[PDB]
>>> print(open('query.cif').read())   # mmCIF, C-alpha atoms and all ligand atoms
data_protein
loop_
_atom_site.label_atom_id
_atom_site.label_comp_id
_atom_site.auth_asym_id
_atom_site.auth_seq_id
_atom_site.Cartn_x
_atom_site.Cartn_y
_atom_site.Cartn_z
CA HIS A 4 11.22 27.98 21.81
CA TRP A 5 11.94 28.92 25.42
CA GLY A 6 12.60 32.52 26.22
CA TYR A 7 11.80 35.20 28.75
CA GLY A 8 8.34 36.32 27.64
CA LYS A 9 4.92 35.76 29.33
CA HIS A 10 4.32 32.76 27.13
CA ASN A 11 7.71 31.05 27.03
CA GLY A 12 9.46 32.39 30.16
CA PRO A 13 10.80 30.84 33.39
CA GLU A 14 7.32 29.76 34.62
CA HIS A 15 6.91 27.63 31.48
CA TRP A 16 10.34 25.93 31.42
CA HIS A 17 9.44 22.99 33.58
CA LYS A 18 7.15 21.44 30.91
CA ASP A 19 10.08 20.78 28.59
CA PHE A 20 12.82 20.72 31.28
CA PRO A 21 11.34 19.16 34.39
CA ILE A 22 14.69 19.56 36.28
CA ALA A 23 13.43 23.17 36.53
CA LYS A 24 11.83 22.03 39.77
CA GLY A 25 14.93 20.08 40.94
CA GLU A 26 16.94 20.07 44.12
CA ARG A 27 19.81 22.32 43.06
CA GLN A 28 18.42 25.03 40.77
CA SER A 29 19.89 28.46 40.22
CA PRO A 30 19.83 31.37 40.77
CA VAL A 31 19.08 31.79 44.45
CA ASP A 32 18.76 34.59 46.95
CA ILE A 33 21.96 34.93 48.98
CA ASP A 34 20.94 35.68 52.56
CA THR A 35 24.06 37.36 53.89
CA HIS A 36 23.16 36.67 57.51
CA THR A 37 22.66 32.91 56.97
CA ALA A 38 25.69 32.25 54.73
CA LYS A 39 28.50 30.84 56.80
CA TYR A 40 32.12 31.78 56.58
CA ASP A 41 34.04 28.61 55.68
CA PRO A 42 37.66 28.85 56.83
CA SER A 43 38.61 25.80 54.77
CA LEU A 44 37.84 27.41 51.37
CA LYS A 45 41.29 27.63 49.63
CA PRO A 46 42.27 30.90 47.99
CA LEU A 47 40.44 31.65 44.58
CA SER A 48 42.76 31.84 41.55
CA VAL A 49 41.64 33.72 38.47
CA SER A 50 44.38 33.26 35.82
CA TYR A 51 43.24 35.10 32.68
CA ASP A 52 46.66 36.48 31.48
CA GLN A 53 46.67 34.18 28.45
CA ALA A 54 42.98 34.47 27.59
CA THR A 55 42.29 34.28 23.88
CA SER A 56 38.89 35.85 22.98
CA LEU A 57 37.48 35.06 19.54
CA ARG A 58 34.01 36.15 18.77
CA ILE A 59 30.88 37.80 20.10
CA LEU A 60 27.54 36.21 19.29
CA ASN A 61 23.87 37.26 19.79
CA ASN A 62 22.25 33.87 20.46
CA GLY A 63 18.67 35.17 20.87
CA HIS A 64 18.87 35.08 24.71
CA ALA A 65 21.99 37.13 25.50
CA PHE A 66 25.31 37.87 23.85
CA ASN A 67 28.24 35.57 24.40
CA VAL A 68 31.92 36.45 24.17
CA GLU A 69 33.67 33.14 23.26
CA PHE A 70 37.22 32.11 24.06
CA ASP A 71 39.64 29.56 22.79
CA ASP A 72 39.42 26.76 25.35
CA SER A 73 41.46 24.18 23.31
CA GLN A 74 44.26 24.58 25.94
CA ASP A 75 44.72 25.90 29.49
CA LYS A 76 44.93 29.63 28.62
CA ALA A 77 42.40 31.29 30.91
CA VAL A 78 41.47 29.18 33.94
CA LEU A 79 39.79 29.35 37.33
CA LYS A 80 41.14 27.25 40.21
CA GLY A 81 41.08 27.21 43.97
CA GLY A 82 38.27 28.43 46.20
CA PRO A 83 35.80 25.55 46.43
CA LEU A 84 37.13 23.99 43.23
CA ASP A 85 39.17 20.82 42.75
CA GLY A 86 41.22 20.89 39.64
CA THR A 87 41.28 23.23 36.68
CA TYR A 88 38.34 24.95 35.00
CA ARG A 89 38.85 26.48 31.54
CA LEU A 90 37.07 29.70 30.48
CA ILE A 91 34.84 29.10 27.46
CA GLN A 92 32.62 32.19 27.39
CA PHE A 93 31.08 35.06 29.23
CA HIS A 94 27.71 36.74 28.97
CA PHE A 95 25.36 38.88 30.95
CA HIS A 96 21.75 39.04 32.20
CA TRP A 97 20.11 42.43 32.51
CA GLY A 98 16.88 44.34 33.02
CA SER A 99 14.53 46.75 31.38
CA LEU A 100 15.18 49.12 34.32
CA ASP A 101 18.13 49.69 36.67
CA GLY A 102 16.25 48.06 39.63
CA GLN A 103 16.21 44.59 38.09
CA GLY A 104 18.31 42.32 35.90
CA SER A 105 20.49 40.14 38.07
CA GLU A 106 19.68 36.48 38.55
CA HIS A 107 21.23 36.05 42.01
CA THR A 108 19.94 38.43 44.64
CA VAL A 109 21.58 39.61 47.91
CA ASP A 110 19.16 39.88 50.82
CA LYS A 111 16.50 40.14 48.04
CA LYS A 112 18.31 43.07 46.38
CA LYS A 113 18.33 42.92 42.56
CA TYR A 114 21.22 44.46 40.67
CA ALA A 115 20.97 46.01 37.20
CA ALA A 116 22.76 43.11 35.64
CA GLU A 117 24.94 40.03 36.28
CA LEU A 118 28.03 38.82 34.50
CA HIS A 119 28.66 35.13 34.15
CA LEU A 120 32.14 33.85 33.33
CA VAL A 121 31.59 30.18 32.37
CA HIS A 122 34.32 27.57 32.90
CA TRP A 123 34.42 23.76 32.51
CA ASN A 124 36.35 21.12 34.43
CA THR A 125 39.24 19.92 32.20
CA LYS A 127 39.10 16.41 33.73
CA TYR A 128 36.00 15.84 31.57
CA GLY A 129 37.72 16.64 28.33
CA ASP A 130 35.11 18.83 26.68
CA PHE A 131 32.22 21.14 27.61
CA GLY A 132 29.50 18.73 26.53
CA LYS A 133 30.83 16.01 28.81
CA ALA A 134 31.34 18.44 31.66
CA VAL A 135 27.64 19.56 31.73
CA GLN A 136 26.65 15.93 32.48
CA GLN A 137 28.68 16.05 35.77
CA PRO A 138 27.74 17.50 39.15
CA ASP A 139 31.12 19.29 39.26
CA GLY A 140 31.41 19.94 35.57
CA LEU A 141 31.12 23.73 35.41
CA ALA A 142 32.22 26.70 37.55
CA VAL A 143 30.49 30.03 36.93
CA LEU A 144 32.02 33.22 38.32
CA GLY A 145 29.17 35.63 38.85
CA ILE A 146 29.65 39.37 39.13
CA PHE A 147 26.97 41.88 39.91
CA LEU A 148 26.65 45.16 37.99
CA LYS A 149 25.33 48.33 39.59
CA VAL A 150 24.73 51.58 37.70
CA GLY A 151 27.20 54.33 38.64
CA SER A 152 30.56 55.17 37.12
CA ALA A 153 31.53 53.67 33.77
CA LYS A 154 33.55 50.44 33.64
CA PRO A 155 36.30 51.10 31.18
CA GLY A 156 37.07 47.47 30.60
CA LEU A 157 33.42 46.99 29.41
CA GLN A 158 33.40 49.62 26.74
CA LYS A 159 34.86 47.45 23.96
CA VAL A 160 31.92 45.12 24.53
CA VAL A 161 29.24 47.83 24.44
CA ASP A 162 30.77 49.41 21.35
CA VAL A 163 30.49 46.26 19.25
CA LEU A 164 26.77 45.53 20.17
CA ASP A 165 25.36 47.51 17.29
CA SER A 166 27.03 44.95 14.97
CA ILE A 167 25.24 42.02 16.54
CA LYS A 168 21.84 43.55 17.07
CA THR A 169 19.74 40.51 16.17
CA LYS A 170 19.65 36.75 16.82
CA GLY A 171 22.37 34.74 14.97
CA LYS A 172 24.63 37.77 14.28
CA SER A 173 28.24 37.45 15.30
CA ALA A 174 31.38 39.59 15.16
CA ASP A 175 35.10 39.17 15.52
CA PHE A 176 36.11 39.84 19.14
CA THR A 177 39.77 39.10 19.40
CA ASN A 178 42.26 40.59 21.86
CA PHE A 179 39.69 41.33 24.60
CA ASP A 180 41.01 40.99 28.17
CA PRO A 181 38.27 39.79 30.57
CA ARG A 182 40.37 40.94 33.58
CA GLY A 183 38.89 44.38 32.96
CA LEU A 184 35.50 43.16 34.05
CA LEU A 185 36.51 42.16 37.60
CA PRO A 186 36.01 44.18 40.80
CA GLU A 187 39.01 44.74 43.14
CA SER A 188 38.01 42.12 45.72
CA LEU A 189 37.62 38.41 45.00
CA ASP A 190 35.63 37.80 48.26
CA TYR A 191 32.82 35.41 47.26
CA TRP A 192 29.82 33.26 48.13
CA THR A 193 29.66 29.68 46.83
CA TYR A 194 26.96 27.00 46.49
CA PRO A 195 26.08 24.03 44.26
CA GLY A 196 23.59 24.89 41.54
CA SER A 197 22.53 24.76 37.93
CA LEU A 198 22.49 26.46 34.55
CA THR A 199 19.94 29.31 34.72
CA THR A 200 18.58 28.64 31.25
CA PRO A 201 17.32 25.46 29.58
CA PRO A 202 18.49 22.73 29.84
CA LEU A 203 18.90 23.79 33.52
CA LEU A 204 21.46 21.08 34.17
CA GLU A 205 22.63 20.65 37.76
CA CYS A 206 26.30 20.80 36.94
CA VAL A 207 27.50 24.21 38.30
CA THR A 208 29.62 25.30 41.23
CA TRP A 209 28.52 28.90 41.61
CA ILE A 210 31.07 31.41 42.77
CA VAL A 211 29.42 34.86 43.23
CA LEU A 212 31.62 37.83 44.04
CA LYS A 213 30.48 40.07 46.89
CA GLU A 214 31.81 43.26 45.36
CA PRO A 215 29.77 44.46 42.36
CA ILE A 216 31.31 46.38 39.47
CA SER A 217 29.96 49.79 38.48
CA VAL A 218 28.88 50.44 34.95
CA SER A 219 27.33 53.61 33.54
CA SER A 220 23.64 54.11 32.70
CA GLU A 221 24.88 54.69 29.12
CA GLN A 222 26.63 51.33 29.04
CA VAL A 223 23.65 49.29 30.31
CA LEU A 224 21.28 51.36 28.01
CA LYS A 225 23.18 49.94 25.08
CA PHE A 226 22.68 46.31 26.29
CA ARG A 227 18.95 47.07 26.14
CA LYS A 228 19.10 48.05 22.42
CA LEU A 229 19.83 44.48 21.47
CA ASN A 230 17.13 42.29 20.00
CA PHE A 231 15.87 38.85 20.89
CA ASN A 232 14.50 38.48 17.35
CA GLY A 233 16.27 37.74 14.09
CA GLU A 234 16.86 40.28 11.34
CA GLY A 235 13.73 41.08 9.40
CA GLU A 236 11.43 40.06 12.26
CA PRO A 237 9.43 42.42 14.43
CA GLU A 238 11.62 44.02 17.07
CA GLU A 239 11.61 42.61 20.58
CA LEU A 240 14.09 44.38 22.80
CA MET A 241 16.57 42.08 24.59
CA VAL A 242 15.67 43.03 28.19
CA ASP A 243 14.82 41.07 31.30
CA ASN A 244 16.72 37.94 30.24
CA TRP A 245 17.07 36.79 33.88
CA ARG A 246 15.53 33.84 35.74
CA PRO A 247 14.21 34.69 39.21
CA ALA A 248 15.56 33.19 42.40
CA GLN A 249 14.72 29.48 42.99
CA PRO A 250 14.21 27.58 46.24
CA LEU A 251 17.42 26.94 48.20
CA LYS A 252 16.18 23.56 49.37
CA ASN A 253 18.86 21.49 51.13
CA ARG A 254 21.83 23.69 50.34
CA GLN A 255 24.16 25.95 52.30
CA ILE A 256 25.74 29.03 50.84
CA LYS A 257 29.31 29.47 52.05
CA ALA A 258 31.26 32.72 52.35
CA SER A 259 34.95 33.10 51.70
CA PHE A 260 35.14 36.09 54.04
CA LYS A 261 34.12 37.05 57.59
CL1 LIG B 1 24.17 22.74 28.01
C1 LIG B 1 24.79 21.74 26.78
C2 LIG B 1 26.01 22.10 26.32
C3 LIG B 1 26.66 21.39 25.33
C4 LIG B 1 26.06 20.28 24.80
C5 LIG B 1 24.84 19.89 25.24
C6 LIG B 1 24.21 20.61 26.24
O1 LIG B 1 23.00 20.30 26.73
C7 LIG B 1 22.76 18.91 26.54
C8 LIG B 1 21.45 18.65 27.09
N1 LIG B 1 20.31 19.13 26.53
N2 LIG B 1 19.32 18.63 27.33
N3 LIG B 1 19.91 17.91 28.32
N4 LIG B 1 21.26 17.90 28.19
CL1 LIG B 2 26.85 27.99 29.00
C1 LIG B 2 25.42 27.22 28.34
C2 LIG B 2 25.49 26.36 27.26
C3 LIG B 2 24.34 25.78 26.77
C4 LIG B 2 23.14 26.05 27.37
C5 LIG B 2 23.07 26.90 28.45
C6 LIG B 2 24.21 27.49 28.93
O1 LIG B 2 24.32 28.37 29.99
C7 LIG B 2 23.11 28.71 30.64
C8 LIG B 2 23.45 29.62 31.80
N1 LIG B 2 23.76 29.28 33.06
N2 LIG B 2 24.01 30.43 33.77
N3 LIG B 2 23.82 31.43 32.89
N4 LIG B 2 23.47 30.94 31.65
ZN ZN B 3 24.21 33.38 32.70
#
>>> encode(input="query.cif", output="structure tokens", more="lines below")
Ligand SMILES: Clc1ccccc1OCc1nnn[nH]1
Ligand SMILES: Clc1ccccc1OCc1nnn[nH]1
Ligand SMILES: [Zn+2]
Amino acid sequence: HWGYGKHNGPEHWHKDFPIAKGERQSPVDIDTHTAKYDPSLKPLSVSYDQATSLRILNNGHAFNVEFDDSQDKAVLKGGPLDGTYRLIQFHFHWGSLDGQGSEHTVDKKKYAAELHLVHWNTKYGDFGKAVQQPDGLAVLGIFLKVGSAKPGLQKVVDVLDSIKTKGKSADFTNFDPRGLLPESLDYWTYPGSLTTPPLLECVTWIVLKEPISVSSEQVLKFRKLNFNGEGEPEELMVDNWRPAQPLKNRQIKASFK
């Protein structure tokens, strides 16, 4: 029954998921003056040419666009990563207002939203095995600011009225996630966690410095989604973000000077 409300939100999670107060929780604030450029980071490789999207699902917390990850079709390699990480899904976190919504922050700045492209390390064979490993997942995180429309997002926003409530899904084939990327792949990286229960400490976070711009109209439509199921009282799907957690004994590394 976790969620994002007063009674079941991030401040409550620790009672069922005590790793909420662990040593490598996400998100974090990225202090741009303290992150250190790491000249040994190898180049980042985003290889999504063969991506095979399947379905879009409202899971009660966000909406997920799922991919076929039964072979190496859309993968992330390089950067801080060893080996090959297969794309399984992407989703977003967003706010009730344009001044909040991202999970990560940059010198305490909140963006309107944050895109997470979730990938798992193919040496562990499946996603469920990978989340039990400290290097099991790699999440590519992309900030959204409100400005000009992002054309490569519009197919997503146009299908949202078909998955308004919890447990609704729709066909979502032939979607190319390359349309969601900014021009630059300059990034920050640190070891962290899932940002929702079960908050497992299994994620290499790779957060792009360059946000994408989306229109007010596009993000307005995210906010028309519902956390509730059909035939239940309406609760708008807004503010599905966890606030920044203590950095503890971690260093954030930059790919760029
Ligand atoms: Cl996150 C997850 C993905 C797939 C299968 C199981 C998963 O969580 C397992 C779990 N739940 N509580 N601790 N580990
Ligand atoms: Cl990807 C996933 C599967 C099961 C439970 C939670 C999951 O992701 C949580 C997360 N981490 N960063 N954003 N969402
Ligand atoms: Zn996420």
>>> closest_residue(input="query.cif", among="A:98, A:196, A:186, A:151", to="ligand LIG 2 (chain B)", atoms="only C-alpha atoms and all ligand atoms")
A:196
>>> residues_around(input="query.cif", residues="residue 83 (chain A)", least_positions_apart="3", cutoff="12 Å", atoms="all atoms listed in the file", output="PDB file with C-alpha atoms, keeping the file's coordinate frame")
ATOM      1  CA  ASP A  41      34.040  28.610  55.680  1.00  0.00           C
ATOM      2  CA  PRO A  42      37.660  28.850  56.830  1.00  0.00           C
ATOM      3  CA  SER A  43      38.610  25.800  54.770  1.00  0.00           C
ATOM      4  CA  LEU A  44      37.840  27.410  51.370  1.00  0.00           C
ATOM      5  CA  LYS A  45      41.290  27.630  49.630  1.00  0.00           C
ATOM      6  CA  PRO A  46      42.270  30.900  47.990  1.00  0.00           C
ATOM      7  CA  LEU A  47      40.440  31.650  44.580  1.00  0.00           C
ATOM      8  CA  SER A  48      42.760  31.840  41.550  1.00  0.00           C
ATOM      9  CA  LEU A  79      39.790  29.350  37.330  1.00  0.00           C
ATOM     10  CA  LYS A  80      41.140  27.250  40.210  1.00  0.00           C
ATOM     11  CA  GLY A  86      41.220  20.890  39.640  1.00  0.00           C
ATOM     12  CA  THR A  87      41.280  23.230  36.680  1.00  0.00           C
ATOM     13  CA  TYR A  88      38.340  24.950  35.000  1.00  0.00           C
ATOM     14  CA  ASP A 139      31.120  19.290  39.260  1.00  0.00           C
ATOM     15  CA  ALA A 142      32.220  26.700  37.550  1.00  0.00           C
ATOM     16  CA  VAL A 143      30.490  30.030  36.930  1.00  0.00           C
ATOM     17  CA  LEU A 144      32.020  33.220  38.320  1.00  0.00           C
ATOM     18  CA  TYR A 191      32.820  35.410  47.260  1.00  0.00           C
ATOM     19  CA  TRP A 192      29.820  33.260  48.130  1.00  0.00           C
ATOM     20  CA  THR A 193      29.660  29.680  46.830  1.00  0.00           C
ATOM     21  CA  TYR A 194      26.960  27.000  46.490  1.00  0.00           C
ATOM     22  CA  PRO A 195      26.080  24.030  44.260  1.00  0.00           C
ATOM     23  CA  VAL A 207      27.500  24.210  38.300  1.00  0.00           C
ATOM     24  CA  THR A 208      29.620  25.300  41.230  1.00  0.00           C
ATOM     25  CA  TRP A 209      28.520  28.900  41.610  1.00  0.00           C
ATOM     26  CA  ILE A 210      31.070  31.410  42.770  1.00  0.00           C
ATOM     27  CA  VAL A 211      29.420  34.860  43.230  1.00  0.00           C
ATOM     28  CA  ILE A 256      25.740  29.030  50.840  1.00  0.00           C
ATOM     29  CA  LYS A 257      29.310  29.470  52.050  1.00  0.00           C
ATOM     30  CA  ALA A 258      31.260  32.720  52.350  1.00  0.00           C
ATOM     31  CA  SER A 259      34.950  33.100  51.700  1.00  0.00           C
TER      32      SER A 259
END
>>> closest_atom_pairs(input="query.cif", of="chain A", to="ligand LIG 1 (chain B)", cutoff="8 Å", atoms="all atoms listed in the file", output="tab-separated table")
residue	atom	partner	partner_atom	distance
A:20	CA	B:LIG1	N2	7.9
A:131	CA	B:LIG1	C3	6.0
A:132	CA	B:LIG1	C3	4.1
A:133	CA	B:LIG1	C4	7.6
A:135	CA	B:LIG1	CL1	6.0
A:136	CA	B:LIG1	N4	7.2
A:198	CA	B:LIG1	CL1	7.7
A:201	CA	B:LIG1	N2	7.5
A:202	CA	B:LIG1	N2	4.9
A:203	CA	B:LIG1	CL1	7.7
A:204	CA	B:LIG1	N4	6.8
>>> write_last_selection(input="query.cif", atoms="C-alpha atoms", output="PDB file, in the coordinates of the input")
ATOM      1  CA  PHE A  20      12.820  20.720  31.280  1.00  0.00           C
ATOM      2  CA  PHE A 131      32.220  21.140  27.610  1.00  0.00           C
ATOM      3  CA  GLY A 132      29.500  18.730  26.530  1.00  0.00           C
ATOM      4  CA  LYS A 133      30.830  16.010  28.810  1.00  0.00           C
ATOM      5  CA  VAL A 135      27.640  19.560  31.730  1.00  0.00           C
ATOM      6  CA  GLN A 136      26.650  15.930  32.480  1.00  0.00           C
ATOM      7  CA  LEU A 198      22.490  26.460  34.550  1.00  0.00           C
ATOM      8  CA  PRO A 201      17.320  25.460  29.580  1.00  0.00           C
ATOM      9  CA  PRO A 202      18.490  22.730  29.840  1.00  0.00           C
ATOM     10  CA  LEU A 203      18.900  23.790  33.520  1.00  0.00           C
ATOM     11  CA  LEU A 204      21.460  21.080  34.170  1.00  0.00           C
TER      12      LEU A 204
END
>>> closest_atom_pairs(input="query.cif", of="region 93-171 of chain A", to="region 55-75 of chain A", cutoff="8 Å", atoms="all atoms listed in the file", output="JSON lines")
{"residue": "A:93", "atom": "CA", "partner": "A:68", "partner_atom": "CA", "distance": 5.3}
{"residue": "A:94", "atom": "CA", "partner": "A:67", "partner_atom": "CA", "distance": 4.7}
{"residue": "A:95", "atom": "CA", "partner": "A:65", "partner_atom": "CA", "distance": 6.6}
{"residue": "A:96", "atom": "CA", "partner": "A:65", "partner_atom": "CA", "distance": 7.0}
{"residue": "A:167", "atom": "CA", "partner": "A:61", "partner_atom": "CA", "distance": 5.9}
{"residue": "A:168", "atom": "CA", "partner": "A:61", "partner_atom": "CA", "distance": 7.1}
{"residue": "A:169", "atom": "CA", "partner": "A:61", "partner_atom": "CA", "distance": 6.4}
{"residue": "A:170", "atom": "CA", "partner": "A:63", "partner_atom": "CA", "distance": 4.5}
{"residue": "A:171", "atom": "CA", "partner": "A:62", "partner_atom": "CA", "distance": 5.6}
>>> atom_distance(input="query.cif", atom1="CA of residue 162 (chain A)", atom2="CA of residue 241 (chain A)")
16.3 Å
>>> residues_around(input="query.cif", residues="residue 52 (chain A)", least_positions_apart="6", cutoff="9 Å", atoms="only C-alpha atoms", output="PDB file with C-alpha atoms, keeping the file's coordinate frame")
ATOM      1  CA  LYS A  76      44.930  29.630  28.620  1.00  0.00           C
ATOM      2  CA  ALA A  77      42.400  31.290  30.910  1.00  0.00           C
ATOM      3  CA  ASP A 180      41.010  40.990  28.170  1.00  0.00           C
ATOM      4  CA  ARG A 182      40.370  40.940  33.580  1.00  0.00           C
TER       5      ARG A 182
END
>>> closest_residue(input="query.cif", among="A:99, A:108, A:124, A:197", to="residue 239 (chain A)", atoms="all atoms listed in the file")
A:99
>>> closest_residue(input="query.cif", among="A:36, A:122, A:149, A:261", to="ligand LIG 2 (chain B)", atoms="all atoms listed in the file")
A:122
>>> closest_residue(input="query.cif", among="A:189, A:242, A:164, A:206", to="residue 225 (chain A)", atoms="all atoms listed in the file")
A:164
>>> closest_residue(input="query.cif", among="A:11, A:103, A:137, A:222", to="residue 159 (chain A)", atoms="all atoms listed in the file")
A:222
>>> closest_residue(input="query.cif", among="A:97, A:226, A:179, A:231", to="ligand ZN 3 (chain B)", atoms="only C-alpha atoms and all ligand atoms")
A:97
>>> atom_distance(input="query.cif", atom1="CA of residue 205 (chain A)", atom2="CA of residue 27 (chain A)")
6.2 Å
>>> atom_distance(input="query.cif", atom1="CA of residue 147 (chain A)", atom2="CA of residue 116 (chain A)")
6.1 Å
>>> residues_near_point(input="query.cif", point="(29.8, 52.4, 37.6)", cutoff="10 Å", atoms="only C-alpha atoms", output="list in words")
residues 148, 149, 150, 151, 152, 153, 154, 155, 215, 216, 217, 218, 219, 220 and 222 of chain A
>>> build_atoms(input="query.cif", residues="region 52-66 of chain A", atoms="N, CA, C and O atoms", output="short mmCIF file (atom, residue, chain, number, x, y, z; two decimals), in the frame of the given file")
data_model
loop_
_atom_site.label_atom_id
_atom_site.label_comp_id
_atom_site.auth_asym_id
_atom_site.auth_seq_id
_atom_site.Cartn_x
_atom_site.Cartn_y
_atom_site.Cartn_z
N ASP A 52 45.59 35.80 32.24
CA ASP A 52 46.66 36.48 31.48
C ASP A 52 46.78 36.01 30.01
O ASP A 52 47.06 36.83 29.11
N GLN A 53 46.56 34.74 29.77
CA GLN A 53 46.67 34.18 28.45
C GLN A 53 45.35 34.01 27.71
O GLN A 53 45.30 33.28 26.71
N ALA A 54 44.27 34.64 28.18
CA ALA A 54 42.98 34.47 27.59
C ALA A 54 43.02 34.86 26.12
O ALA A 54 43.73 35.83 25.69
N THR A 55 42.35 34.06 25.31
CA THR A 55 42.29 34.28 23.88
C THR A 55 40.78 34.42 23.45
O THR A 55 40.11 33.43 23.17
N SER A 56 40.27 35.63 23.37
CA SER A 56 38.89 35.85 22.98
C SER A 56 38.83 35.69 21.47
O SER A 56 39.83 35.96 20.76
N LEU A 57 37.69 35.29 21.01
CA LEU A 57 37.48 35.06 19.54
C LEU A 57 36.38 35.86 18.90
O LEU A 57 36.55 36.44 17.81
N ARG A 58 35.19 35.77 19.48
CA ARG A 58 34.01 36.15 18.77
C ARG A 58 32.96 36.52 19.78
O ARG A 58 33.00 36.06 20.95
N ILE A 59 32.05 37.37 19.32
CA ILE A 59 30.88 37.80 20.10
C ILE A 59 29.66 37.42 19.28
O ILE A 59 29.55 37.69 18.07
N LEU A 60 28.67 36.80 19.96
CA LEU A 60 27.54 36.21 19.29
C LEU A 60 26.22 36.64 20.00
O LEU A 60 26.08 36.47 21.23
N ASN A 61 25.23 37.11 19.24
CA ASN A 61 23.87 37.26 19.79
C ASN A 61 23.16 35.93 19.56
O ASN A 61 22.87 35.60 18.40
N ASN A 62 22.87 35.22 20.61
CA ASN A 62 22.25 33.87 20.46
C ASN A 62 20.73 33.90 20.69
O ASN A 62 20.12 32.79 20.82
N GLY A 63 20.09 35.08 20.69
CA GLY A 63 18.67 35.17 20.87
C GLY A 63 18.21 35.30 22.31
O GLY A 63 17.03 35.50 22.56
N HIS A 64 19.14 35.09 23.23
CA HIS A 64 18.87 35.08 24.71
C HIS A 64 19.79 36.07 25.36
O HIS A 64 19.39 36.74 26.31
N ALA A 65 21.07 36.17 24.96
CA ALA A 65 21.99 37.13 25.50
C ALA A 65 23.05 37.31 24.42
O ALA A 65 22.80 36.87 23.26
N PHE A 66 24.15 37.95 24.73
CA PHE A 66 25.31 37.87 23.85
C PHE A 66 26.47 37.19 24.56
O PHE A 66 26.72 37.45 25.73
#
